[PDB]
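Structure data follow from work-v8.tsv (TSV, C-alpha atoms):
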```tsv
chain	number	residue	atom	x	y	z
A	4	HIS	CA	-1.11	-12.99	16.41
A	5	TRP	CA	-2.01	-12.30	12.81
A	6	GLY	CA	0.19	-12.91	9.83
A	7	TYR	CA	0.24	-14.65	6.47
A	8	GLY	CA	0.89	-18.26	7.46
A	9	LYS	CA	-1.32	-21.34	7.33
A	10	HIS	CA	-2.64	-20.82	10.82
A	11	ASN	CA	-2.73	-17.06	11.21
A	12	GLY	CA	-3.26	-15.79	7.64
A	13	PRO	CA	-6.05	-13.74	5.98
A	14	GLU	CA	-8.72	-16.42	6.35
A	15	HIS	CA	-8.27	-16.26	10.13
A	16	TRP	CA	-8.24	-12.51	10.67
A	17	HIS	CA	-12.00	-12.22	11.13
A	18	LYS	CA	-11.78	-13.95	14.51
A	19	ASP	CA	-9.85	-11.06	16.04
A	20	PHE	CA	-11.06	-8.36	13.57
A	21	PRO	CA	-14.69	-9.04	12.68
A	22	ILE	CA	-14.71	-6.06	10.28
A	23	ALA	CA	-12.73	-8.43	8.02
A	24	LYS	CA	-16.24	-9.48	6.80
A	25	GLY	CA	-17.45	-5.91	6.52
A	26	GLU	CA	-19.13	-4.01	3.71
A	27	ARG	CA	-16.11	-2.05	2.39
A	28	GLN	CA	-13.09	-4.35	2.67
A	29	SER	CA	-9.91	-4.12	0.60
A	30	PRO	CA	-8.28	-5.15	-1.61
A	31	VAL	CA	-10.65	-5.92	-4.49
A	32	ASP	CA	-10.48	-7.12	-8.03
A	33	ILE	CA	-10.71	-4.21	-10.44
A	34	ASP	CA	-12.89	-5.34	-13.33
A	35	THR	CA	-11.77	-2.84	-15.95
A	36	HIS	CA	-14.85	-3.32	-18.06
A	37	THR	CA	-17.32	-2.56	-15.32
A	38	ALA	CA	-15.47	0.36	-13.71
A	39	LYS	CA	-17.32	3.57	-14.51
A	40	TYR	CA	-15.60	6.56	-16.09
A	41	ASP	CA	-16.44	9.56	-13.91
A	42	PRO	CA	-15.97	13.05	-15.37
A	43	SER	CA	-16.63	14.73	-12.04
A	44	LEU	CA	-13.22	13.28	-10.94
A	45	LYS	CA	-10.32	15.69	-10.85
A	46	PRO	CA	-6.67	14.94	-11.73
A	47	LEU	CA	-4.73	13.87	-8.78
A	48	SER	CA	-2.39	16.41	-7.18
A	49	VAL	CA	0.71	14.69	-5.79
A	50	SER	CA	2.93	17.26	-4.03
A	51	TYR	CA	6.02	15.45	-2.75
A	52	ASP	CA	8.70	18.07	-3.38
A	53	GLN	CA	9.22	18.83	0.33
A	54	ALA	CA	8.89	15.22	1.60
A	55	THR	CA	10.99	14.37	4.65
A	56	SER	CA	11.59	10.67	5.05
A	57	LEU	CA	12.81	9.65	8.53
A	58	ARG	CA	13.32	5.95	8.92
A	59	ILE	CA	12.69	2.47	7.54
A	60	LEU	CA	11.24	-0.25	9.78
A	61	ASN	CA	10.66	-4.02	9.52
A	62	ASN	CA	7.42	-4.42	11.49
A	63	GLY	CA	7.15	-8.15	11.07
A	64	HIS	CA	4.55	-7.91	8.29
A	65	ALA	CA	6.20	-5.60	5.78
A	66	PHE	CA	8.68	-2.77	5.87
A	67	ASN	CA	7.54	0.85	6.24
A	68	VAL	CA	9.33	4.02	5.12
A	69	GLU	CA	8.08	6.72	7.51
A	70	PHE	CA	7.77	10.47	6.88
A	71	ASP	CA	7.49	13.62	8.92
A	72	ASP	CA	3.78	14.30	8.83
A	73	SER	CA	3.79	17.17	11.37
A	74	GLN	CA	3.51	19.75	8.53
A	75	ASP	CA	2.11	19.72	4.96
A	76	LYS	CA	5.37	18.55	3.40
A	77	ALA	CA	4.15	15.71	1.13
A	78	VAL	CA	0.48	15.82	0.34
A	79	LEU	CA	-2.15	14.30	-1.86
A	80	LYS	CA	-5.12	16.32	-3.04
A	81	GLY	CA	-7.66	16.33	-5.80
A	82	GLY	CA	-9.00	13.31	-7.57
A	83	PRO	CA	-11.94	11.98	-5.54
A	84	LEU	CA	-10.63	13.69	-2.37
A	85	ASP	CA	-11.97	16.67	-0.49
A	86	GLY	CA	-9.22	18.32	1.48
A	87	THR	CA	-5.57	17.64	2.06
A	88	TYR	CA	-4.04	14.27	2.90
A	89	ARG	CA	-0.53	14.07	4.35
A	90	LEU	CA	1.93	11.27	3.54
A	91	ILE	CA	2.79	9.29	6.65
A	92	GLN	CA	4.41	6.13	5.27
A	93	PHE	CA	4.77	3.79	2.37
A	94	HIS	CA	5.16	0.06	2.26
A	95	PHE	CA	4.94	-2.85	-0.11
A	96	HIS	CA	3.27	-6.21	-0.39
A	97	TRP	CA	4.98	-8.85	-2.55
A	98	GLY	CA	5.07	-12.46	-3.56
A	99	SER	CA	7.32	-15.52	-3.44
A	100	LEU	CA	7.01	-15.67	-7.27
A	101	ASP	CA	6.73	-12.99	-9.94
A	102	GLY	CA	3.16	-13.99	-10.74
A	103	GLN	CA	1.72	-13.04	-7.36
A	104	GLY	CA	2.22	-10.43	-4.67
A	105	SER	CA	-0.22	-7.63	-5.35
A	106	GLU	CA	-3.30	-7.11	-3.19
A	107	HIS	CA	-5.51	-5.49	-5.77
A	108	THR	CA	-5.93	-7.40	-9.02
A	109	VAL	CA	-6.87	-6.11	-12.47
A	110	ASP	CA	-9.24	-8.36	-14.38
A	111	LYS	CA	-8.03	-11.08	-11.94
A	112	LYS	CA	-4.39	-10.48	-12.92
A	113	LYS	CA	-1.92	-10.35	-10.00
A	114	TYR	CA	1.20	-8.25	-10.13
A	115	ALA	CA	4.58	-9.12	-8.52
A	116	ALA	CA	4.07	-6.51	-5.79
A	117	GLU	CA	2.09	-3.44	-4.77
A	118	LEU	CA	3.22	-0.17	-3.25
A	119	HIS	CA	0.95	1.68	-0.81
A	120	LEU	CA	1.55	5.37	-0.14
A	121	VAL	CA	-0.52	6.07	2.96
A	122	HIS	CA	-1.94	9.55	3.58
A	123	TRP	CA	-4.31	10.93	6.27
A	124	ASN	CA	-6.84	13.71	6.14
A	125	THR	CA	-5.46	16.74	7.98
A	127	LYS	CA	-8.90	17.76	9.25
A	128	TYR	CA	-8.57	14.93	11.78
A	129	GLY	CA	-5.29	16.15	13.28
A	130	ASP	CA	-3.38	12.90	13.54
A	131	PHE	CA	-3.26	9.46	11.94
A	132	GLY	CA	-4.79	7.72	14.92
A	133	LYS	CA	-7.89	9.91	14.72
A	134	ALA	CA	-8.02	9.61	10.92
A	135	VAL	CA	-8.25	5.83	10.88
A	136	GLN	CA	-11.52	6.10	12.86
A	137	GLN	CA	-13.18	8.15	10.08
A	138	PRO	CA	-14.78	6.92	6.87
A	139	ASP	CA	-12.81	9.52	4.92
A	140	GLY	CA	-9.72	9.44	7.10
A	141	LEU	CA	-7.14	7.96	4.76
A	142	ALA	CA	-6.18	8.11	1.10
A	143	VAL	CA	-3.94	5.30	-0.11
A	144	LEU	CA	-2.24	5.60	-3.47
A	145	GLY	CA	-1.68	2.06	-4.75
A	146	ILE	CA	0.89	1.34	-7.44
A	147	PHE	CA	1.48	-2.05	-9.07
A	148	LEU	CA	4.96	-3.47	-9.58
A	149	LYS	CA	5.86	-5.73	-12.48
A	150	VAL	CA	9.23	-7.38	-13.03
A	151	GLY	CA	11.21	-5.97	-15.98
A	152	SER	CA	13.75	-3.15	-16.05
A	153	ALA	CA	15.09	-1.81	-12.78
A	154	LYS	CA	13.49	1.11	-11.04
A	155	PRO	CA	16.36	3.41	-10.12
A	156	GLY	CA	14.29	5.28	-7.58
A	157	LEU	CA	13.72	2.05	-5.63
A	158	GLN	CA	17.38	1.19	-5.28
A	159	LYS	CA	18.04	3.22	-2.14
A	160	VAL	CA	15.29	1.19	-0.42
A	161	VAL	CA	16.71	-2.09	-1.71
A	162	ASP	CA	20.21	-1.07	-0.50
A	163	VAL	CA	19.10	-0.57	3.12
A	164	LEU	CA	17.13	-3.81	3.50
A	165	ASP	CA	20.20	-5.59	4.82
A	166	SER	CA	20.02	-3.35	7.85
A	167	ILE	CA	16.39	-4.30	8.67
A	168	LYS	CA	16.33	-8.01	7.94
A	169	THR	CA	14.31	-9.00	10.96
A	170	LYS	CA	11.19	-7.87	12.85
A	171	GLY	CA	11.76	-4.76	14.96
A	172	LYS	CA	14.83	-3.49	13.21
A	173	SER	CA	14.83	0.12	12.06
A	174	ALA	CA	17.34	2.30	10.27
A	175	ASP	CA	17.72	6.00	9.57
A	176	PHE	CA	16.34	6.69	6.09
A	177	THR	CA	16.49	10.37	5.39
A	178	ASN	CA	16.32	12.28	2.13
A	179	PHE	CA	14.42	9.62	0.20
A	180	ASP	CA	12.34	10.99	-2.64
A	181	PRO	CA	9.07	9.13	-3.14
A	182	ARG	CA	8.59	10.74	-6.56
A	183	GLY	CA	11.01	8.21	-7.88
A	184	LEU	CA	8.44	5.47	-7.31
A	185	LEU	CA	5.66	6.99	-9.43
A	186	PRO	CA	4.81	5.88	-12.98
A	187	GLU	CA	4.44	8.40	-15.83
A	188	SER	CA	0.64	8.49	-15.80
A	189	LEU	CA	-1.54	9.33	-12.84
A	190	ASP	CA	-4.67	7.80	-14.40
A	191	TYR	CA	-6.45	5.84	-11.67
A	192	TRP	CA	-9.31	3.82	-10.34
A	193	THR	CA	-10.94	4.81	-7.06
A	194	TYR	CA	-13.31	3.13	-4.57
A	195	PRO	CA	-14.08	3.26	-0.85
A	196	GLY	CA	-12.36	0.54	1.18
A	197	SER	CA	-10.20	-0.45	4.08
A	198	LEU	CA	-6.77	-1.05	5.48
A	199	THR	CA	-5.53	-4.35	4.03
A	200	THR	CA	-3.97	-5.42	7.33
A	201	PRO	CA	-5.44	-5.62	10.80
A	202	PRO	CA	-7.19	-3.61	12.15
A	203	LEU	CA	-8.84	-3.58	8.69
A	204	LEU	CA	-10.60	-0.29	9.40
A	205	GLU	CA	-12.94	1.02	6.77
A	206	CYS	CA	-11.33	4.42	6.54
A	207	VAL	CA	-9.63	4.41	3.10
A	208	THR	CA	-10.34	6.16	-0.16
A	209	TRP	CA	-8.35	3.95	-2.51
A	210	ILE	CA	-6.66	5.47	-5.54
A	211	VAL	CA	-5.08	2.69	-7.62
A	212	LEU	CA	-2.92	3.77	-10.54
A	213	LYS	CA	-3.53	2.16	-13.96
A	214	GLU	CA	0.15	2.13	-14.95
A	215	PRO	CA	2.51	-0.21	-13.09
A	216	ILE	CA	6.13	0.57	-12.39
A	217	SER	CA	8.79	-1.95	-13.43
A	218	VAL	CA	11.42	-3.24	-11.03
A	219	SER	CA	14.20	-5.76	-11.73
A	220	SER	CA	14.35	-9.37	-10.78
A	221	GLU	CA	17.23	-8.49	-8.45
A	222	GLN	CA	15.22	-5.75	-6.71
A	223	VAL	CA	12.24	-8.04	-5.92
A	224	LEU	CA	14.60	-10.86	-4.91
A	225	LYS	CA	15.98	-8.55	-2.21
A	226	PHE	CA	12.49	-8.01	-0.80
A	227	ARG	CA	12.16	-11.79	-0.55
A	228	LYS	CA	15.25	-12.04	1.68
A	229	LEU	CA	13.60	-10.15	4.49
A	230	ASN	CA	12.34	-12.06	7.51
A	231	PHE	CA	8.94	-12.06	9.27
A	232	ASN	CA	10.68	-13.22	12.47
A	233	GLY	CA	12.79	-11.39	15.00
A	234	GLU	CA	16.57	-11.92	15.22
A	235	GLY	CA	17.28	-15.15	17.09
A	236	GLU	CA	13.88	-16.64	16.25
A	237	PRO	CA	13.35	-19.32	13.56
A	238	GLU	CA	13.87	-17.76	10.05
A	239	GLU	CA	10.74	-17.42	7.97
A	240	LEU	CA	11.12	-15.43	4.74
A	241	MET	CA	8.93	-12.37	4.36
A	242	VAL	CA	7.08	-13.34	1.20
A	243	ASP	CA	3.44	-13.48	0.17
A	244	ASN	CA	2.45	-10.74	2.61
A	245	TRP	CA	-0.68	-9.89	0.62
A	246	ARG	CA	-4.37	-10.15	1.42
A	247	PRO	CA	-6.46	-11.61	-1.44
A	248	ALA	CA	-9.31	-9.76	-3.15
A	249	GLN	CA	-12.45	-9.30	-1.08
A	250	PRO	CA	-16.09	-9.04	-2.23
A	251	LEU	CA	-17.03	-5.72	-3.78
A	252	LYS	CA	-20.48	-5.77	-2.19
A	253	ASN	CA	-22.34	-2.49	-2.66
A	254	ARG	CA	-19.54	-0.56	-4.32
A	255	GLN	CA	-18.76	0.83	-7.76
A	256	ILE	CA	-15.19	1.38	-8.87
A	257	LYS	CA	-14.77	4.67	-10.72
A	258	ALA	CA	-12.12	5.44	-13.39
A	259	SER	CA	-10.48	8.80	-14.07
A	260	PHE	CA	-9.87	7.72	-17.69
A	261	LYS	CA	-11.77	6.22	-20.62
```

structure tokens encoding of this file:
Amino acid sequence: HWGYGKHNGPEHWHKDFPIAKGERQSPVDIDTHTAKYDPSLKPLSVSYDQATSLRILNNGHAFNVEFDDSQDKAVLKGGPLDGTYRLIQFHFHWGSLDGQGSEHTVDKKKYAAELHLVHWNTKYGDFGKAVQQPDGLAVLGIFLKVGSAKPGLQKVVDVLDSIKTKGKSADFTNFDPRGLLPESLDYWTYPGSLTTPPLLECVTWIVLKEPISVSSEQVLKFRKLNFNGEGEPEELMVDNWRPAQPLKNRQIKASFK
């Protein structure tokens, strides 16, 4: 099945998921000079005060922190969005080295990692329905650079020892995703896709301009995770990022000049 290795990585995914060569694939390179400032865009509204995290899971590709999305507890609104999008999970993509790991790039620059906060449009009732709609999902993407520690990440880092291998889960309650947000909510936005199979073209991407900083020790802990299950040959979970895809007939819009 799909992964990030030599024989099953991003260049192979199109054989099982032909939409991999579609017209609105993600990630993309964000050319900051050709993105268009759009004054019709509203400020984002990030309402995470009542977020209820449940669990953390190693799914063999990344790790996901899952939320209770059965009520409007943590929602994204505004910006380019019409309606209310509920937080269902977040996860990261990261590199084997500090100079790679992000999915989106900015003027071809790669960051050490990228955080995806995944939200679905409540008009569609559940996540599985939402992914089948062109406006089903809103993903808030946040770059990570290596520098000072991010205190709000540490609880995640702490628990990774409990989910080293594929299929392991752990209780992960009372985590506050606000502690992963940078100061500014200035963003770029474009229509795109999931960055992993099934690569569905259901995402309004909102990529924040300002990265967060995490420490060398924090990223190193991500790199100790395993793609494999317990008792299978150890393969470190690193470089779990899809490279930039062609923009095709899309314009990236900026909320800021």

Pick the closest to residue A:216 from A:72, A:187, A:234, A:106: which is it, counting only C-alpha atoms?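 Using only C-alpha atoms, the shortest distance to residue A:216 belongs to A:187.
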
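Reported to one decimal place, the separation of atom CA of residue A:171 from atom CA of residue A:208 is 28.9 Å.
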
From A:180, A:34, A:69, A:75, residue lying nearest residue A:256 [only C-alpha atoms]: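 Distance minimum relative to residue A:256 lands on A:34.
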
Around (14.8, 1.6, 3.6) in the file's frame, which residues reach within 10 Å when counting all atoms listed in the file? Return as a PyMOL selection string? chain A and resi 56-61+66-69+94+157-167+173-177+179

Between atom CA of residue A:181 and atom CA of residue A:54, measure the distance and give it in Å to one decimal. 7.7 Å

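As for atom CA of residue A:36 and atom CA of residue A:254, they are spaced 14.8 Å apart.
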
Can you find the residues with an atom no farther than 7 Å from (12.9, -4.0, -12.3), counting all atoms listed in the file, and report them as a PyMOL selection string? chain A and resi 150-154+217-220+222

Contacts of residue A:119 within 12 Å, only C-alpha atoms, excl. fewer than 6 positions in-chain, as JSON, numbers by chain: {"A": [30, 65, 66, 67, 68, 90, 91, 92, 93, 94, 95, 96, 97, 105, 106, 107, 141, 142, 143, 144, 145, 146, 147, 148, 181, 184, 185, 198, 199, 200, 207, 209, 210, 211, 212, 245]}

Test item: residues at most 10 Å from residue A:16, only C-alpha atoms, excluding those fewer than 4 positions along its chain, as a list in words: residues 4, 5, 6, 7, 11, 12, 20, 21, 22, 23, 24, 200, 201, 202 and 203 of chain A
